[PDB]
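Next comes entry_14.tsv, a file with TSV, C-alpha atoms and all ligand atoms.
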```tsv
chain	number	residue	atom	x	y	z
A	11	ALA	CA	0.00	0.00	0.00
A	12	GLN	CA	1.46	3.38	-0.99
A	13	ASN	CA	1.93	6.08	1.69
A	14	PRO	CA	0.86	3.86	4.61
A	15	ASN	CA	1.71	6.53	7.25
A	16	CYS	CA	-0.69	8.98	5.46
A	17	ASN	CA	1.86	11.76	5.06
A	18	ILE	CA	1.10	14.90	3.09
A	19	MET	CA	2.80	14.53	-0.32
A	20	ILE	CA	4.16	17.38	-2.44
A	21	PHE	CA	4.18	17.10	-6.25
A	22	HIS	CA	6.19	18.95	-8.92
A	23	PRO	CA	4.46	18.15	-12.26
A	24	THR	CA	6.27	19.04	-15.47
A	25	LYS	CA	4.56	21.29	-17.99
A	26	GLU	CA	3.60	18.20	-19.98
A	27	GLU	CA	2.17	16.47	-16.90
A	28	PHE	CA	0.15	19.72	-16.15
A	29	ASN	CA	-1.99	19.32	-19.25
A	30	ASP	CA	-4.40	16.67	-18.23
A	31	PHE	CA	-5.92	17.47	-14.78
A	32	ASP	CA	-7.84	14.27	-14.27
A	33	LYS	CA	-4.86	12.12	-15.22
A	34	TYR	CA	-2.59	13.89	-12.71
A	35	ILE	CA	-5.09	13.49	-9.84
A	36	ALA	CA	-5.22	9.80	-10.65
A	37	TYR	CA	-1.39	9.68	-10.70
A	38	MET	CA	-1.18	11.35	-7.29
A	39	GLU	CA	-3.61	8.78	-5.90
A	40	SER	CA	-1.52	5.94	-7.47
A	41	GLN	CA	1.29	7.17	-5.20
A	42	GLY	CA	-0.99	7.18	-2.10
A	43	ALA	CA	-1.50	10.96	-1.87
A	44	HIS	CA	-5.14	10.67	-0.87
A	45	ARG	CA	-4.32	8.73	2.25
A	46	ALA	CA	-3.23	12.01	3.89
A	47	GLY	CA	-6.46	13.86	3.02
A	48	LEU	CA	-4.44	16.75	1.51
A	49	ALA	CA	-1.64	17.17	-1.12
A	50	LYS	CA	0.39	20.14	-2.35
A	51	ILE	CA	1.00	20.73	-6.08
A	52	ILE	CA	3.74	23.16	-7.10
A	53	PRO	CA	3.03	24.24	-10.75
A	54	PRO	CA	5.87	24.04	-13.36
A	55	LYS	CA	7.96	27.14	-13.62
A	56	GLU	CA	6.57	27.89	-17.14
A	57	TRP	CA	2.97	28.28	-15.76
A	58	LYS	CA	1.12	31.31	-14.51
A	59	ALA	CA	-2.48	31.86	-13.34
A	60	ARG	CA	-2.72	35.38	-14.86
A	61	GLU	CA	-0.31	38.18	-15.81
A	62	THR	CA	-0.56	40.45	-12.75
A	63	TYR	CA	-2.65	41.09	-9.64
A	64	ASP	CA	-2.36	44.92	-10.03
A	65	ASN	CA	-6.00	45.43	-11.05
A	66	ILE	CA	-8.08	43.54	-8.34
A	67	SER	CA	-8.80	46.35	-5.90
A	68	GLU	CA	-12.27	47.11	-7.19
A	69	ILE	CA	-13.69	43.57	-6.58
A	70	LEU	CA	-16.48	43.92	-3.98
A	71	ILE	CA	-16.70	41.87	-0.82
A	72	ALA	CA	-20.47	42.28	-0.32
A	73	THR	CA	-20.60	40.56	3.08
A	74	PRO	CA	-17.31	40.52	5.00
A	75	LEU	CA	-17.54	38.18	7.98
A	76	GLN	CA	-16.15	39.03	11.47
A	77	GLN	CA	-15.13	35.76	13.06
A	78	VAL	CA	-15.97	35.94	16.79
A	79	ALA	CA	-14.67	33.12	18.97
A	80	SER	CA	-16.06	31.47	22.16
A	81	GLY	CA	-14.38	28.86	24.34
A	82	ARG	CA	-10.78	28.22	25.31
A	83	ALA	CA	-7.65	28.81	23.24
A	84	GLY	CA	-7.39	25.27	21.93
A	85	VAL	CA	-11.10	24.35	21.81
A	86	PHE	CA	-13.44	27.05	20.53
A	87	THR	CA	-16.25	27.84	18.16
A	88	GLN	CA	-16.58	30.87	15.90
A	89	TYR	CA	-19.65	32.70	14.61
A	90	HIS	CA	-19.74	34.93	11.67
A	91	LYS	CA	-21.00	38.48	12.19
A	92	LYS	CA	-21.92	40.17	8.95
A	93	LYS	CA	-20.22	43.56	8.25
A	94	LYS	CA	-20.86	46.27	5.71
A	95	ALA	CA	-19.59	45.82	2.12
A	96	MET	CA	-16.15	46.85	1.17
A	97	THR	CA	-13.83	46.67	-1.85
A	98	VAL	CA	-10.72	44.45	-1.95
A	99	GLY	CA	-8.64	47.65	-1.78
A	100	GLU	CA	-10.45	48.75	1.35
A	101	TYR	CA	-10.13	45.23	2.86
A	102	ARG	CA	-6.39	45.11	2.10
A	103	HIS	CA	-5.90	48.43	3.92
A	104	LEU	CA	-7.86	47.08	6.86
A	105	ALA	CA	-5.83	43.84	6.98
A	106	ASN	CA	-2.62	45.95	7.07
A	107	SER	CA	-3.83	48.25	9.85
A	108	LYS	CA	-2.31	48.11	13.30
A	109	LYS	CA	-5.44	46.45	14.71
A	110	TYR	CA	-5.37	43.49	12.21
A	111	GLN	CA	-1.85	43.17	10.81
A	112	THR	CA	0.37	40.09	11.34
A	113	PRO	CA	2.66	40.56	14.40
A	114	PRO	CA	6.40	40.38	14.19
A	115	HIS	CA	7.53	36.79	14.15
A	116	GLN	CA	10.60	34.59	13.55
A	117	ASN	CA	9.27	31.97	11.16
A	118	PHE	CA	6.07	30.01	10.38
A	119	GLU	CA	6.40	27.92	13.55
A	120	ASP	CA	6.56	31.01	15.80
A	121	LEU	CA	3.53	32.47	14.04
A	122	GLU	CA	1.62	29.17	14.46
A	123	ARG	CA	2.35	29.33	18.21
A	124	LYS	CA	1.08	32.87	18.36
A	125	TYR	CA	-2.10	31.89	16.38
A	126	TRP	CA	-3.05	29.14	18.82
A	127	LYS	CA	-2.17	31.18	21.91
A	128	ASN	CA	-4.00	34.33	20.90
A	129	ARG	CA	-6.64	33.67	18.19
A	130	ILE	CA	-9.65	33.69	20.55
A	131	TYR	CA	-8.85	37.22	21.81
A	132	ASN	CA	-9.34	38.82	18.42
A	133	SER	CA	-12.08	38.92	15.81
A	134	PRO	CA	-10.53	39.07	12.31
A	135	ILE	CA	-12.65	39.86	9.22
A	136	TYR	CA	-12.75	37.23	6.40
A	137	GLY	CA	-13.89	38.00	2.78
A	138	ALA	CA	-14.87	34.39	2.17
A	139	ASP	CA	-17.12	32.66	-0.28
A	140	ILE	CA	-17.22	35.28	-3.15
A	141	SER	CA	-18.40	33.76	-6.47
A	142	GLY	CA	-15.80	34.51	-9.11
A	143	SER	CA	-12.35	33.70	-10.59
A	144	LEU	CA	-8.90	35.31	-10.99
A	145	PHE	CA	-7.60	32.83	-13.60
A	146	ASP	CA	-7.02	34.40	-17.03
A	147	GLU	CA	-9.27	32.88	-19.63
A	148	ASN	CA	-6.19	32.07	-21.66
A	149	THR	CA	-4.67	29.88	-18.85
A	150	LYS	CA	-5.41	26.42	-20.14
A	151	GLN	CA	-3.79	24.27	-17.43
A	152	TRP	CA	-5.30	23.96	-13.90
A	153	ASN	CA	-7.70	26.79	-14.50
A	154	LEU	CA	-10.23	26.35	-11.63
A	155	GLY	CA	-13.02	27.97	-13.68
A	156	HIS	CA	-12.60	25.40	-16.55
A	157	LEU	CA	-12.67	22.14	-14.72
A	158	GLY	CA	-15.10	19.27	-15.59
A	159	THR	CA	-18.27	19.77	-13.59
A	160	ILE	CA	-19.46	17.47	-10.78
A	161	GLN	CA	-22.84	17.14	-12.60
A	162	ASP	CA	-21.03	15.86	-15.69
A	163	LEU	CA	-18.98	13.40	-13.63
A	164	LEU	CA	-22.18	12.02	-11.97
A	165	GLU	CA	-23.73	11.70	-15.39
A	166	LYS	CA	-20.72	9.99	-16.87
A	167	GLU	CA	-20.47	7.49	-13.95
A	168	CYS	CA	-24.06	6.78	-13.20
A	169	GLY	CA	-25.93	7.74	-16.44
A	170	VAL	CA	-28.36	10.24	-14.90
A	171	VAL	CA	-28.45	13.83	-16.07
A	172	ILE	CA	-29.03	16.37	-13.34
A	173	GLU	CA	-29.55	20.11	-12.87
A	174	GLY	CA	-26.90	22.32	-11.24
A	175	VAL	CA	-23.75	24.18	-11.84
A	176	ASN	CA	-20.22	24.17	-10.26
A	177	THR	CA	-18.32	27.54	-10.11
A	178	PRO	CA	-15.30	28.80	-8.12
A	179	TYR	CA	-15.12	31.03	-5.10
A	180	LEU	CA	-12.64	33.67	-3.97
A	181	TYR	CA	-11.42	34.08	-0.36
A	182	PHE	CA	-9.76	37.31	0.79
A	183	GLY	CA	-7.99	36.66	4.15
A	184	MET	CA	-6.15	38.50	6.91
A	185	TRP	CA	-4.11	37.46	9.90
A	186	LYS	CA	-6.00	34.98	12.12
A	187	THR	CA	-8.87	34.37	9.69
A	188	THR	CA	-9.85	30.80	10.27
A	189	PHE	CA	-11.44	27.83	8.49
A	190	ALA	CA	-13.10	25.46	10.92
A	191	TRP	CA	-12.79	21.63	10.89
A	192	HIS	CA	-14.83	20.21	7.97
A	193	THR	CA	-15.04	17.89	5.02
A	194	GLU	CA	-16.49	19.15	1.74
A	195	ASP	CA	-20.20	19.05	0.87
A	196	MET	CA	-21.07	15.47	-0.03
A	197	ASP	CA	-17.41	14.57	0.91
A	198	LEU	CA	-16.25	15.99	-2.48
A	199	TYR	CA	-12.67	16.88	-3.36
A	200	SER	CA	-11.59	20.50	-3.20
A	201	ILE	CA	-8.78	22.33	-4.95
A	202	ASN	CA	-7.43	25.64	-3.63
A	203	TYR	CA	-4.98	28.01	-5.37
A	204	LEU	CA	-3.29	30.73	-3.32
A	205	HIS	CA	-3.15	33.59	-5.86
A	206	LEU	CA	-1.30	36.20	-3.83
A	207	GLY	CA	-0.16	37.39	-0.46
A	208	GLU	CA	0.68	35.75	2.81
A	209	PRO	CA	0.55	31.99	3.53
A	210	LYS	CA	-2.24	29.66	4.65
A	211	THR	CA	-1.52	26.93	7.21
A	212	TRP	CA	-3.54	23.70	6.94
A	213	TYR	CA	-4.25	20.83	9.34
A	214	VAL	CA	-5.71	17.55	8.01
A	215	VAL	CA	-6.91	14.17	9.32
A	216	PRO	CA	-6.43	11.10	7.07
A	217	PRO	CA	-9.82	9.97	5.58
A	218	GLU	CA	-9.37	6.52	7.14
A	219	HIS	CA	-9.32	8.20	10.56
A	220	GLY	CA	-12.03	10.79	10.15
A	221	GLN	CA	-14.39	9.13	12.61
A	222	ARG	CA	-11.74	9.56	15.36
A	223	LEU	CA	-11.95	13.32	14.84
A	224	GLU	CA	-15.78	13.14	14.90
A	225	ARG	CA	-15.78	11.24	18.20
A	226	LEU	CA	-13.44	13.80	19.79
A	227	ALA	CA	-15.53	16.65	18.49
A	228	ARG	CA	-18.68	15.15	20.06
A	229	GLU	CA	-16.83	14.98	23.39
A	230	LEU	CA	-15.49	18.54	23.17
A	231	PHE	CA	-18.67	20.23	21.93
A	232	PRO	CA	-21.34	18.24	23.75
A	233	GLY	CA	-24.29	20.71	23.33
A	234	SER	CA	-23.60	21.02	19.59
A	235	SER	CA	-23.46	17.25	19.22
A	236	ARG	CA	-26.92	16.83	20.91
A	237	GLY	CA	-28.24	19.44	18.52
A	238	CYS	CA	-27.10	17.70	15.35
A	239	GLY	CA	-25.65	14.28	14.45
A	240	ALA	CA	-23.35	15.95	11.83
A	241	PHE	CA	-22.60	19.32	13.48
A	242	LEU	CA	-19.13	19.59	11.91
A	243	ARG	CA	-21.14	20.37	8.72
A	244	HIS	CA	-21.88	23.73	10.43
A	245	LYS	CA	-18.24	24.67	9.97
A	246	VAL	CA	-17.78	26.44	13.34
A	247	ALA	CA	-15.55	24.19	15.51
A	248	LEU	CA	-11.81	24.55	16.11
A	249	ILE	CA	-9.50	22.12	17.91
A	250	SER	CA	-5.75	22.89	18.15
A	251	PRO	CA	-2.88	20.58	17.21
A	252	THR	CA	-1.93	20.34	20.89
A	253	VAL	CA	-5.40	19.10	21.83
A	254	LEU	CA	-5.45	16.66	18.88
A	255	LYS	CA	-2.05	15.24	20.01
A	256	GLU	CA	-3.25	14.95	23.65
A	257	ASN	CA	-6.20	12.89	22.41
A	258	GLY	CA	-4.18	10.67	20.04
A	259	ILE	CA	-5.89	11.94	16.84
A	260	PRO	CA	-3.79	11.28	13.72
A	261	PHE	CA	-3.20	14.47	11.73
A	262	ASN	CA	-0.65	16.40	9.66
A	263	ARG	CA	0.09	20.03	8.94
A	264	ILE	CA	1.57	22.04	6.09
A	265	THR	CA	1.86	25.70	5.02
A	266	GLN	CA	0.72	26.76	1.51
A	267	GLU	CA	2.45	29.74	-0.11
A	268	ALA	CA	1.40	32.00	-2.96
A	269	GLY	CA	1.59	30.22	-6.30
A	270	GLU	CA	0.81	26.75	-4.86
A	271	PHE	CA	-2.23	24.46	-5.15
A	272	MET	CA	-3.69	22.28	-2.42
A	273	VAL	CA	-6.08	19.40	-3.08
A	274	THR	CA	-8.29	17.96	-0.35
A	275	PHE	CA	-9.51	14.40	-0.87
A	276	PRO	CA	-12.94	12.88	-0.10
A	277	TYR	CA	-13.64	12.74	3.62
A	278	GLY	CA	-10.29	14.48	4.50
A	279	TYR	CA	-11.16	16.73	7.46
A	280	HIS	CA	-9.25	20.02	7.32
A	281	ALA	CA	-8.92	23.33	9.20
A	282	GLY	CA	-6.46	26.24	9.22
A	283	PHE	CA	-5.68	29.89	9.21
A	284	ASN	CA	-4.25	32.75	7.14
A	285	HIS	CA	-0.96	34.47	8.01
A	286	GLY	CA	-1.84	37.93	6.69
A	287	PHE	CA	-3.58	39.56	3.72
A	288	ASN	CA	-4.09	37.01	0.93
A	289	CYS	CA	-6.39	35.83	-1.82
A	290	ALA	CA	-7.26	32.18	-2.60
A	291	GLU	CA	-9.60	30.57	-5.14
A	292	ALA	CA	-11.21	27.20	-4.56
A	293	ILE	CA	-13.78	24.85	-6.09
A	294	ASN	CA	-15.16	21.38	-5.44
A	295	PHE	CA	-14.66	18.56	-7.98
A	296	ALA	CA	-15.31	14.83	-8.31
A	297	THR	CA	-13.64	11.77	-9.84
A	298	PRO	CA	-14.91	8.19	-10.24
A	299	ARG	CA	-13.45	7.31	-6.84
A	300	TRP	CA	-15.60	10.00	-5.14
A	301	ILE	CA	-18.96	8.31	-5.96
A	302	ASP	CA	-18.71	5.84	-3.09
A	303	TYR	CA	-17.89	8.61	-0.64
A	304	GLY	CA	-20.80	10.69	-1.87
A	305	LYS	CA	-23.19	7.77	-1.26
A	306	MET	CA	-21.99	7.45	2.37
A	307	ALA	CA	-21.57	11.18	3.27
A	308	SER	CA	-23.18	12.36	6.46
A	309	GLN	CA	-25.63	14.93	6.39
A	310	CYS	CA	-26.89	17.83	8.61
A	311	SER	CA	-30.71	17.95	8.65
A	312	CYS	CA	-31.08	20.30	11.75
A	313	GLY	CA	-31.28	23.39	9.58
A	314	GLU	CA	-27.94	24.95	10.34
A	315	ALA	CA	-25.66	23.85	7.48
A	316	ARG	CA	-27.75	25.43	4.59
A	317	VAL	CA	-26.02	24.84	1.23
A	318	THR	CA	-26.00	25.44	-2.49
A	319	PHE	CA	-28.57	24.68	-5.07
A	320	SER	CA	-26.53	21.92	-6.62
A	321	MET	CA	-26.41	19.68	-3.50
A	322	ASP	CA	-30.04	18.80	-3.93
A	323	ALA	CA	-29.48	16.50	-6.86
A	324	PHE	CA	-26.47	14.84	-5.24
A	325	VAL	CA	-28.56	13.86	-2.18
A	326	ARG	CA	-31.57	12.95	-4.33
A	327	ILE	CA	-29.67	10.54	-6.60
A	328	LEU	CA	-26.97	9.19	-4.28
A	329	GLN	CA	-28.89	9.14	-0.99
A	330	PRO	CA	-32.60	8.72	-1.78
A	331	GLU	CA	-33.46	7.33	1.70
A	332	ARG	CA	-32.04	10.50	3.36
A	333	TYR	CA	-33.45	12.96	0.82
A	334	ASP	CA	-36.82	13.83	2.43
A	335	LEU	CA	-35.25	14.52	5.90
A	336	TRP	CA	-32.34	16.50	4.47
A	337	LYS	CA	-34.66	18.64	2.31
A	338	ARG	CA	-36.85	19.50	5.34
A	339	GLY	CA	-33.61	20.86	6.90
A	340	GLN	CA	-33.08	23.01	3.81
A	341	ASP	CA	-36.68	24.47	4.19
A	401	LIG	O1	-9.34	28.78	2.39
A	401	LIG	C1	-10.29	28.60	3.19
A	401	LIG	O2	-10.76	29.48	3.99
A	401	LIG	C2	-11.07	27.32	3.25
A	401	LIG	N1	-10.76	26.42	2.09
A	401	LIG	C3	-11.08	25.15	2.04
A	401	LIG	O3	-11.70	24.60	3.01
A	401	LIG	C4	-10.81	24.36	0.84
A	401	LIG	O4	-10.18	24.90	-0.10
A	401	LIG	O5	-11.31	23.22	0.80
A	402	MG	MG	-10.71	45.41	-9.60
A	403	NI	NI	-12.57	22.84	2.50
A	404	ZN	ZN	-26.91	20.45	11.77
```

Would you give me this structure, written as structure tokens?
Ligand SMILES: O=C(O)CNC(=O)C(=O)O
Ligand SMILES: [Mg+2]
Ligand code: NI
Ligand SMILES: [Zn+2]
Amino acid sequence: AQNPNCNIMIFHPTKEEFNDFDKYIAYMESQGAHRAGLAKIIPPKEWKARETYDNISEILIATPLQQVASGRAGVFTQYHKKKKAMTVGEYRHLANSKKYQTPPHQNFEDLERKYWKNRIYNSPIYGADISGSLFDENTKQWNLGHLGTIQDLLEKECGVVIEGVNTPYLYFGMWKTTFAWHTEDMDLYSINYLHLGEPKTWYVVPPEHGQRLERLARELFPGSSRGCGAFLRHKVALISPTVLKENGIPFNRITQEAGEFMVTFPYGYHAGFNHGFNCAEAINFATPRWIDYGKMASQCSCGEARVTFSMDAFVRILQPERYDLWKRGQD
């Protein structure tokens, strides 16, 4: 079995290997990359996402989210307080202000220590979940707006045509902005490109061990767990690496830098934080190997998780027994 310790793998495809996206995902899996839940892909030196980032300041962040924490430094939840609209240029200035800017630090490890010590005492503002793309239309390789759609993959595998669309999303971050522990909707893959700015640190649990994270989370957030049998779908819970290690949960960590892709694999729980002002683009995708994970994915039906239009058909076709309860949760 390849990669039996479930380490995060890093790939350096050649320009020729960068042509065929599906083929390269399958190659990475042939080497055991999916066992980690997360892989890094460094593009060939000949590639670029677009020519410059000099003209992005007028993008609007219609609903910036202030991420307010509750709990203790290593075990907390966050809620999202909606703020007034602002442009990317306004948000960049805010990120760089004395109130929000990255503190002085020695290296990524020092900054990680500072994150986990101090995150709960601040409320950073995240420009997350903005429909759109920063890839040039002429970028033909690994262009996240030109991937094969999940609806087409379902149709190709299973024969059933379904409604829905699959488009990317932009994330404008600042120091301490946080993504809570989660798997993707319907335990899909994700791919994330860090277009510009400061790094993003990731934590990940191997898919084969995801239920160990779920059992810990039920113990650590006992009210939330009574509320909902899949409350990690709410995307609000944080658990630090120190707490994971104290509880014997297998995990790994890695820092993504500008110009790098990350891929999350089906049922790979992940969480992390931004180092300073940055912009990422991400989208969900599927392969043939995903279908069995989609059929088995948990679902939130308590009302909280509320999701996109296109999840309806995935539940309806892959999980017909759960459909009626899940849809009640949507309504
Ligand atoms: O970058 C973020 O805030 C969160 N991203 C992801 O969870 C992802 O790409 O799958
Ligand atoms: Mg602009
Ligand atoms: Ni994700
Ligand atoms: Zn729920």

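Environment of ligand MG 402 (chain A), defined as every protein or nucleic acid residue with an atom within 12 Å of it and counting all atoms listed in the file, comprises residues 62, 63, 64, 65, 66, 67, 68, 69, 70, 71, 97, 98, 99, 100, 143 and 144 of chain A.
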
With C-alpha atoms retained, export the selected residues as a PDB file, keeping the file's coordinate frame.
```
ATOM      1  CA  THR A  62      -0.560  40.450 -12.750  1.00  0.00           C
ATOM      2  CA  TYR A  63      -2.650  41.090  -9.640  1.00  0.00           C
ATOM      3  CA  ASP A  64      -2.360  44.920 -10.030  1.00  0.00           C
ATOM      4  CA  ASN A  65      -6.000  45.430 -11.050  1.00  0.00           C
ATOM      5  CA  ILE A  66      -8.080  43.540  -8.340  1.00  0.00           C
ATOM      6  CA  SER A  67      -8.800  46.350  -5.900  1.00  0.00           C
ATOM      7  CA  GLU A  68     -12.270  47.110  -7.190  1.00  0.00           C
ATOM      8  CA  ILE A  69     -13.690  43.570  -6.580  1.00  0.00           C
ATOM      9  CA  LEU A  70     -16.480  43.920  -3.980  1.00  0.00           C
ATOM     10  CA  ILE A  71     -16.700  41.870  -0.820  1.00  0.00           C
ATOM     11  CA  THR A  97     -13.830  46.670  -1.850  1.00  0.00           C
ATOM     12  CA  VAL A  98     -10.720  44.450  -1.950  1.00  0.00           C
ATOM     13  CA  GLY A  99      -8.640  47.650  -1.780  1.00  0.00           C
ATOM     14  CA  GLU A 100     -10.450  48.750   1.350  1.00  0.00           C
ATOM     15  CA  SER A 143     -12.350  33.700 -10.590  1.00  0.00           C
ATOM     16  CA  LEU A 144      -8.900  35.310 -10.990  1.00  0.00           C
TER      17      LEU A 144
END
```

Practice problem: List all protein, DNA and RNA residues that have any atom at most 7 Å from ligand NI 403 (chain A), counting only C-alpha atoms and all ligand atoms, and write the list as a PyMOL selection string. | Solution: chain A and resi 192-194+200+280

Would you save the residues of that selection, restricted to C-alpha atoms, as a PDB file, in the frame of the given file?
```pdb
ATOM      1  CA  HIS A 192     -14.830  20.210   7.970  1.00  0.00           C
ATOM      2  CA  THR A 193     -15.040  17.890   5.020  1.00  0.00           C
ATOM      3  CA  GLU A 194     -16.490  19.150   1.740  1.00  0.00           C
ATOM      4  CA  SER A 200     -11.590  20.500  -3.200  1.00  0.00           C
ATOM      5  CA  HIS A 280      -9.250  20.020   7.320  1.00  0.00           C
TER       6      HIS A 280
END
```

Self-check item: Shell around residue 173 of chain A at 10 Å using all atoms listed in the file, local window under 6 positions removed, as a PyMOL selection string
Solution: chain A and resi 161-162+319-324

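Near residue 38 of chain A, within 12 Å and counting only C-alpha atoms, sit residues 12, 13, 18, 19, 20, 21, 22, 23, 27, 31, 32, 33, 34, 42, 43, 44, 45, 46, 47, 48, 49, 50, 51, 273, 274 and 275 of chain A; same-chain residues fewer than 4 positions away were not included.
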
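We find atom CA of residue 202 of chain A and atom CA of residue 60 of chain A to be spaced 15.6 Å apart.
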
Quiz prompt | Surroundings of ligand LIG 401 (chain A) up to 9 Å, based on all atoms listed in the file, as a PyMOL selection string | solution = chain A and resi 136+138-139+180-183+187-194+199-204+210+212+272-274+280-284+289-294

How would the residues just chosen look if you wrote them out with C-alpha atoms as a compact mmCIF listing (two decimals), in the coordinates of the input?
```txt
# COMPACT_ATOMS: atom_id res chain seq x y z
CA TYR A 136 -12.75 37.23 6.40
CA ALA A 138 -14.87 34.39 2.17
CA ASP A 139 -17.12 32.66 -0.28
CA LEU A 180 -12.64 33.67 -3.97
CA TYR A 181 -11.42 34.08 -0.36
CA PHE A 182 -9.76 37.31 0.79
CA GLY A 183 -7.99 36.66 4.15
CA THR A 187 -8.87 34.37 9.69
CA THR A 188 -9.85 30.80 10.27
CA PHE A 189 -11.44 27.83 8.49
CA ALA A 190 -13.10 25.46 10.92
CA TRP A 191 -12.79 21.63 10.89
CA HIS A 192 -14.83 20.21 7.97
CA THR A 193 -15.04 17.89 5.02
CA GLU A 194 -16.49 19.15 1.74
CA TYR A 199 -12.67 16.88 -3.36
CA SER A 200 -11.59 20.50 -3.20
CA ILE A 201 -8.78 22.33 -4.95
CA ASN A 202 -7.43 25.64 -3.63
CA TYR A 203 -4.98 28.01 -5.37
CA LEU A 204 -3.29 30.73 -3.32
CA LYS A 210 -2.24 29.66 4.65
CA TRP A 212 -3.54 23.70 6.94
CA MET A 272 -3.69 22.28 -2.42
CA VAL A 273 -6.08 19.40 -3.08
CA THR A 274 -8.29 17.96 -0.35
CA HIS A 280 -9.25 20.02 7.32
CA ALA A 281 -8.92 23.33 9.20
CA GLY A 282 -6.46 26.24 9.22
CA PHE A 283 -5.68 29.89 9.21
CA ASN A 284 -4.25 32.75 7.14
CA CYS A 289 -6.39 35.83 -1.82
CA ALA A 290 -7.26 32.18 -2.60
CA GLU A 291 -9.60 30.57 -5.14
CA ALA A 292 -11.21 27.20 -4.56
CA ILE A 293 -13.78 24.85 -6.09
CA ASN A 294 -15.16 21.38 -5.44
```

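Among A:221, A:112, A:151, A:250, the residue with the shortest atom-to-atom distance to residue 82 of chain A, counting only C-alpha atoms, is A:250.
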
Box for segment 179-182 of chain A: with edges along x, y and z, all listed atoms inside and 5 Å added on each side, what are the centre and edge lengths in Å to one decimal, as JSON?
```
{"center_x": -12.4, "center_y": 34.2, "center_z": -2.2, "size_x": 15.4, "size_y": 16.3, "size_z": 15.9}
```

Quiz item: Which one is closest to ligand ZN 404 (chain A): A:243, A:222, A:285, A:255? Count all atoms listed in the file.
Solution: A:243

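When atom CA of residue 74 of chain A is paired with atom CA of residue 102 of chain A, their separation reads 12.2 Å.
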
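Checking A:149, A:17, A:311, A:116 one by one against residue 237 of chain A, counting only C-alpha atoms, you find the shortest gap at A:311.
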
Practice problem: Could the residues that lie within 8 Å of ligand ZN 404 (chain A), counting only C-alpha atoms and all ligand atoms, be listed as a list in words? | Solution: residues 237, 238, 239, 240, 241, 242, 243, 244, 309, 310, 311, 312, 313, 314 and 315 of chain A

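Proximity ranking of A:86, A:295, A:101, A:287 relative to residue 73 of chain A places A:101 first, based on only C-alpha atoms.
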
Quiz item: Which value, in Å to one decimal, gives the distance between atom CA of residue 29 of chain A and atom CA of residue 147 of chain A?
Solution: 15.4 Å

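Of the listed residues A:105, A:140, A:154, A:253, the one whose atoms come nearest to residue 184 of chain A is A:105, with distances taken using all atoms listed in the file.
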
Practice problem: Counting all atoms listed in the file, select every polymer residue within 8 Å of (2.0, 33.0, 10.0) as defined in the file's coordinates, and provide the selection as a PyMOL selection string. | Solution: chain A and resi 112+115+117-122+125+185+208-211+284-286

Quiz item: What lies within 9 Å of residue 132 of chain A using all atoms listed in the file, ignoring chain neighbours under 6 positions off, as a PyMOL selection string?
Solution: chain A and resi 77-79+110+186

Exercise. Please provide as a ChimeraX atom specification all residues within 9 Å of residue 160 of chain A, with the sequence filter that same-chain residues fewer than 6 positions apart are discarded (counting all atoms listed in the file).
Key: /A:174-176,294-297

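With all atoms listed in the file as the atoms that count, the minimum distance from residue 215 of chain A to the choices A:306, A:172, A:59, A:254 is reached by A:254.
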